[PDB]
Amino acid sequence: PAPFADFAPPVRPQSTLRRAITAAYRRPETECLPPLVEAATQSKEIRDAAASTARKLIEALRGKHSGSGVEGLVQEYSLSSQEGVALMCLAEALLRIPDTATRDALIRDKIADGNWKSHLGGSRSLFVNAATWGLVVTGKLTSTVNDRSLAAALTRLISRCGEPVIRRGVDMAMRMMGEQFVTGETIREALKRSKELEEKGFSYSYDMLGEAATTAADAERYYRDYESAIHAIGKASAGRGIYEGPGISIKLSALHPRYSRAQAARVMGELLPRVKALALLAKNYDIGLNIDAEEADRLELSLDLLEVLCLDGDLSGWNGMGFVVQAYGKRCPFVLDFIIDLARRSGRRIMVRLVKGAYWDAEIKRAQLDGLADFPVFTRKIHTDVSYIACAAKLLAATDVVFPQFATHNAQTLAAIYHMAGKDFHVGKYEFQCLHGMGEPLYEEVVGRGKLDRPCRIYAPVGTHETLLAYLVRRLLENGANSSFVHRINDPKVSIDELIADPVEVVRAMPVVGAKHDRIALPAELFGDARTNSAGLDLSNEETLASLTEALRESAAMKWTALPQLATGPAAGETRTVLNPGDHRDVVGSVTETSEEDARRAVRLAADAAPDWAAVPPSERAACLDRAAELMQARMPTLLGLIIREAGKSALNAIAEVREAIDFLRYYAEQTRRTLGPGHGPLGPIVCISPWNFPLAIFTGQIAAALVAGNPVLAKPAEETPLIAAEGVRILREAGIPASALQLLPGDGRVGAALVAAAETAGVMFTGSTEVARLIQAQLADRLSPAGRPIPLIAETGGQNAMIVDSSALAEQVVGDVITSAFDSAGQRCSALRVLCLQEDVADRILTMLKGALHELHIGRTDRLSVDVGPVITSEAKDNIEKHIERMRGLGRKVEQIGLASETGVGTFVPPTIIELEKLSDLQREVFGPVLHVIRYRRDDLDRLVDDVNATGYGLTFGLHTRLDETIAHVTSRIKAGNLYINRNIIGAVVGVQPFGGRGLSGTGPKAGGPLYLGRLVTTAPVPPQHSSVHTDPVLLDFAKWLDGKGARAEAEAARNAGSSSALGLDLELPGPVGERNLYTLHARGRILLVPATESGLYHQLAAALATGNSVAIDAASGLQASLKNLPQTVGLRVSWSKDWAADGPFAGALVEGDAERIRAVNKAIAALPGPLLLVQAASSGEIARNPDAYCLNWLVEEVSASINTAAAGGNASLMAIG
Ligand SMILES: Cc1cc2nc3c(=O)[nH]c(=O)nc-3n(C[C@H](O)[C@H](O)[C@H](O)COP(=O)(O)OP(=O)(O)OC[C@H]3O[C@@H](n4cnc5c(N)ncnc54)[C@H](O)[C@@H]3O)c2cc1C
Ligand SMILES: N[C@@H](CCC(=O)O)C(=O)O
């Protein structure tokens, strides 16, 4: 099959109307607003009449408004906010007891008289949904639950007020969850309760609350639920028709687990027939069937379903098909043009529900994460209001061919449209709509001859407690944010004049019409003045898909090559082809590999050229990196094609990798501009050995850092992926890196070994396996710099990454993050999820959902957008992974695998696999493939489990899914890993936002994409930006006092200076996208091995280690035991003496004192220690006397990155204030 010939063909050729939609997707806000203002303009007379009507409605709303039930309960029992939240959580839990008499007995006999804890909230915290009840009680969203505060509050309120307050809480929650948040628990109950307002002139559309199917079984459940509801609604409608009678609303995401543009062929083949069958049933009963609008990247896909349905002759004669359009979206007027034309062509009077939109804060976050040009929604609330009124004018001009349905709770919006529609009205011309239990106060001033005599359809949620709680936060934020009408009308500090303000005239009078909100960053400006964010590509945009298709095809027609590019020019060598891992018939290019002799020559040439590159000023070296970033951004589509075909990656992952390469270049450039001066001299020639799994990004990151720190580079790319490396070198050279400063040496591991062994090699940057890093460490321990000090090694070496999930996590969120973390990139990320740990009480349900989601993945050659998982890199990798799977299977462990299509046979594929283990110790080696292991744990054994995760010795990435603050605090304080992720996936660390790198068996540090990286690549490290701490280690202070008491005044002063200079305790938040908090902290590394030679050297080593929070093991062969007598117990607790260093590890670093040959000997003994590669610092006794910084404190602390998804509860609290 020709490369990319079937990458992403659209469902149908795009008409002129469809292209106008796509053209507006991310149109600048200043371009969108002027035509909306023009379309929304009304005469002065109408505006005065509309303001008068709006004032009348608002005066009625404020005149009949009473205090809510929850407020009256809080008042009656003098509850604090936390007590109110806790009470509603208890009431929710008591309502999970189905039998009434049993529940009432538990309240009277167990709950009221004392400890609620012994009787409820065991496997499941009482407070799982406290973020939701927090919104109900306080109006404020808090993303995680302080379950210790709520437990204290519940104990306090029960001990104070007893059974009467529990009774009132239960009755209140019963009413709210059975009658307010839903019209009824079941469609039959909802229908029964609908007759009252139908007799007053309201109508209904029932919302069955399903969305976001994760498995085929979920989708089938939502389908049969919609089918049964249509029968009930149609029986009840009893021939009333689509305007007077009730209808149903559906969400397409409920009806297929892979509802996305990437899976468009499956959507049209599998989802469409299901909608058609439901529509045929709605037709037979003559009821409305409305398609709800969801995320912006589903809008245009949903239009293809609407088109086919409206043109399908089997549905003719029925006008009940309906469709939502969101006015906060920039495409809205163009979507309406398309729908109105479709209604004309089909002869169907499409029911068009105009809404503002329910996903605003999620759309802001997604555009920022994806680095896109602009948002697909407005960023000022008043812009959405003008858009709404402009689109209403368009709909009101077309009431002969569509049925407009104006869904809004805003009385100003309502009044404007009521007067815009004019005097002639009949039922069927248009209607308003509102939400059950929210809009009735307003629309009881609208419906009926005694009011405005306009009808209103009530959108009526129907479902159980579990179903309604799933996305209730999103629903509450619709009317509960600071800019929301409903919130403002309940604000006594908001005047009626402010509420009837005309958005159209206010926008017109702004100095810059349509300006972006001042407090929302465009994705390109996420980092402000520090650096320019890389830009991505929108794979839901048909223009982008069409242009990418052509650029990818053109990339496959190119003759890609990689050569040994020495300072003197290209070199000759053995030449072989490079094959596509997904199809070995696809020759991607040719590589000429380096001889060991030319590798040694290249190091000599780099040493010769080192002074000339060091002499380029840091600002100009940084300018080279910035130029290279511009070139990679411009070349991204071609680079994507090469990464897809050479490395076996999906287009989605290739985009993210090119972004990361750009980000490394710009980040290390900025860090250079912040730090490097004449005193930060380069190490010398640096050997950069890069992996095949990130063959552009990690390749570029290591090289850019070394180059910009002033070092010439020997770049040794992975044997499997030389072509993208050669292209990266071409770009850096074009950007101004001299050929003598950057030499490319393709080949296997003996090229890397020859480079590492060369006498002029001054440092090594390695990313790859622990075994190979260990062999490199042994090579380097043979050598010293010309100054007689160890050759620095930065080695990043993988992990055995775990995710812990408790019973408070939302299963659908968990499963999405697990599927991504374990199987993205065929599990070939060092960050990938390897062990999922499920709390026993929820393990079976989550495992069922996970296996169902597994079988929805598409595996194949990655030149198709529909492929989720590509090949593994080689046949040897495939064989290694499959041997592990079969060993587990042979031991009797449950193995789940997806079936592979026959087309995979021409490449090297491993199917995504789930293996159920009894305990974590059952997994003994790192399996670098799409293989997820699952274990279960009892909640009381959580702390032991964290110990088990730490006990492996790895410490790279780690995930935690929980809503509970006590569990977050416990787990994050006890886990020892470099990159922590809370309520999100554990992959795709972002440069400068989640600096990446771990500890123990996972690496030496410093973190890539972090502020300590460049300092390792110069002889004297600079002070990184923001790198300081006001905290002083108390054991350091006790040691300094002990030194003073022994009379060692000089060393006591040096100890106090180390205490001040240490950055232990640094605690920063890094700028990033909204809806996420990204934290960066400095901790102690662990136990540092001290190898002293003199008394003063030992005191200096101890001061450095203690100032950075570490414990120490001191070499007993030093003979210096008598120098450390009578230590304070606080210091003694941190001090041990070691005769057998191998028995007393693992260590987290080392400090060595001695002459050059002593240092070399100790360096070899340290390399021989089993376990982690130690970051070793050495100094002579004279150097310790002369240089207070002989041992650099930068390398005695451990960096930790933590990324918290603060939108995980369903919305963004910070953005509730942005309008
Ligand atoms: C009957 C009915 C059916 C609905 N069905 C859907 C649906 O299928 N899909 C869907 O997405 N929504 C749907 N909604 C929700 C709806 O879109 C609104 O979120 C909600 O009703 C609030 O809008 P409002 O006009 O009633 O109030 P208003 O308070 O006047 O408006 C609030 C809205 O303003 C917008 N907004 C807030 N801040 C900003 C900002 N900084 N920049 C730009 N815009 C901003 C948001 O859209 C927000 O919801 C429906 C609402 C109703 C009444
Ligand atoms: N930085 C990558 C992993 C890099 C690697 O695999 O070595 C991530 O966070 O997904």
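Residues numbered from 1 in each chain as written, not as in the entry; some residues may be left out. Chains lettered and ligands numbered in written order. Heavy atoms only, no water. Residues with missing side-chain atoms left out of burial classes, pairs and counts.

For this deposited structure, the header cites X-ray crystallography as the method used and 1.50 Å as the resolution.

1. Here's the deal with the site of ligand 1
With respect to spatial proximity, 32 residues lie near ligand 1, and among them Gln326, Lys356, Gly357, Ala358 and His409 are the closest. With respect to ligand 1, the side chain of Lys356 contributes an N or O atom lying 2.8 Å from an oxygen atom. In this structure, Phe378 approaches ligand 1 through a main-chain N or O atom, which is 3.5 Å from a nitrogen atom. Summarising the interface, the protein chains cover 96% of the accessible area of ligand 1, which totals 940 Å² for the free molecule. Elements supplying a minimum of two residues to the shell around ligand 1: β4 (321–326), β5 (350–355), α18 (381–396), β7 (431–435) and α22 (472–480). Its residues assigned to classes, the shell around ligand 1 comprises 14 nonpolar, 12 polar and six charged. (Near = heavy atom within 4 Å. Polar contact = N/O pair within 3.5 Å; in protein donor to acceptor, adjacent residues only side chain to side chain. Areas by Shrake-Rupley, 256 points an atom, 1.4 Å probe, with all protein chains shown as cover. Helix = DSSP H or I, 4+ residues; strand = E, 2+ residues; numbered from the N terminus. Nonpolar A, V, L, I, M, F, W, Y, C, P; charged D, E, K, R; others polar.)

2. A short note on the site of ligand 2
In the neighbourhood of ligand 2, the contacting residues comprise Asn693, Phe694, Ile698, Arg829, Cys830, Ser831, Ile987, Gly988, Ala989 and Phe996. In the model, an oxygen atom of ligand 2 is placed 2.9 Å from a nitrogen or oxygen of the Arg829 side chain. Contact distances for ligand 2 include 2.7 Å between an oxygen atom and a side-chain N or O atom of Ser831. Starting from 300 Å² of accessible surface for ligand 2 in isolation, the protein chains cover 97%.

3. Digging into the domain arrangement of the protein chain
When the domains of the protein chain are assigned, the result is domain 1 (542–796) and domain 2 (802–1020 + 1204–1216). When each unit is reduced to the centre of its C-alpha atoms, the spacing between domain 1 and domain 2 is 28 Å. The set of elements that each furnish at least two residues to the side of domain 1 that touches domain 2 consists of β13 (583–593), α29 (636–647), α30 (651–675), α31 (697–708), α34 (770–781) and β18 (793–796). In terms of residue count, α30 provides more of the side of domain 1 that touches domain 2 than any other element does, eight residues in total. (Domains from an automatic or database assignment.)

4. Some points on the environment of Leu742
Turning to its location among the elements, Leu742 is positioned in strand β16 (residues 742–744). For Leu742 and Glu574, which are 168 residues apart along the polypeptide, the C-alpha to C-alpha distance reads 21 Å. Dropping the residues within four chain positions of it, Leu742 is found in contact with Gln565, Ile703, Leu707, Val713, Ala715, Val729, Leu732, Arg733 and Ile737. (Contact = heavy atoms within 4.5 Å.)

5. Things to note about a negative patch on the surface
There is a patch of like negative charges on the surface, built from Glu719, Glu876, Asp879 and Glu882. Along the chain, the position of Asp879 falls in helix α37 (residues 875–890). (Patch = residues over 30% accessible without salt bridge, like charges linked within 9 Å, V, L, I, M, F, W, Y side chains within 5 Å. Salt bridge = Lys/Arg side-chain N within 4 Å of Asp/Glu carboxyl O. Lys, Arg positive; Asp, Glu negative; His and termini not counted. Charge placed at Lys NZ, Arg CZ, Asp CG, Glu CD.)

6. Looking at the sheet that holds strand β9 (residues 560–562)
Taken together, three strands build an open sheet; the order of strands is β9-β13-β12 and the sheet is mixed. Edge positions in the sheet fall to β9 and β12 (574–580), since each of these pairs with one other strand and no more. Strand-to-strand twist in this sheet, taken as the mean axis angle between neighbours without regard to direction, amounts to 35°. Contacts from helix α32 (residues 722–734) reach β9, β12 and β13 within the one sheet, and its direction differs from that of β9 by about 85°. (Pairing = 2+ DSSP bridges. Axes fitted to C-alpha atoms, helices over the stretch in contact; angles between N-to-C directions.)

7. Looking at the pattern of salt bridges
Applying the stated criterion across every chain yields a total of 75 salt bridges. A salt bridge links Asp218 to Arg221; its shortest N-O distance comes to 3.5 Å. A residue pair is termed a helical-turn pair when its members lie 3 or 4 positions apart in one helix, as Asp218 and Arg221 do in helix α12 (residues 216–237) at three residues. Relative accessible area serves as the criterion here: at 13%, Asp218 is assigned to the buried category. The class of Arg221 is partly exposed, set by a relative accessible area of 31%. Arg1056 is the partner of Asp1044 in a salt bridge, and the nearest nitrogen-oxygen pair spans 2.8 Å. Pair noted here: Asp1044 is in helix α40 (residues 1034–1046) and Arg1056 is in helix α41 (residues 1049–1061), with a separation of 12 residues, a long-range link. Look at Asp1044 and you get partly exposed, because its relative accessible area is 36%. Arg1056 sits in the partly exposed class, given a relative accessible area of 33%. By sharing partners, the salt bridges in this structure join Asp583, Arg585, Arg861 and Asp863 into a single network. (Buried < 20%, exposed > 50% of the residue type's maximum accessible area, 1.4 Å probe, protein only.)

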